[PDB]
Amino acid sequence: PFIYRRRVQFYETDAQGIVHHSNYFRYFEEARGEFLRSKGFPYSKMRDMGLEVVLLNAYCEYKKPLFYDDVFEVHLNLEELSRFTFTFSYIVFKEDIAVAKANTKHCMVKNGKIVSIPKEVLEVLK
């Protein structure tokens, strides 16, 4: 897996004193961005080429909460890679504690149309 380390910010919490569930998707985005960057092909460069990654679906299950100032790790793994789509899984740990498990599925678009995942992208996803 690819490991992405992160500390919870105050604005990411809500009145329940935990990180709002919607923010977990933002953390997963950050992990995907760091993954691509680590492979030498950041998403920002794909966008410059006219490529868009489009989210098809997203799932998260929440096991234990994150609190303000918690340090956690997102373990990202490529789960599925087909002609037109790819799927990442995520496991969120705080130290030894499993906080959450998730996945997202994506496709790619160029010039308003769905395109087969380019070879240049397949090379970095793998």
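Numbering starts at 1 and follows the sequence shown.
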Of 91 to 99 and 60 to 68, the stretch whose C-alpha atoms average the higher B-factor in the entry: 91 to 99
Which of 106 to 114 and 16 to 24 has higher mean CA B factor, as the PDB entry lists it: 106 to 114
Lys126 by Cα B-factor - lowest, middle or highest third of the modelled chain: highest
Record-listed C-alpha B factor of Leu78: chain third: highest
Entry-reported Cα temperature factor of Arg7, expressed as the chain third it lands in: lowest
Within-chain third of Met49 by Cα B-factor, per the entry: highest
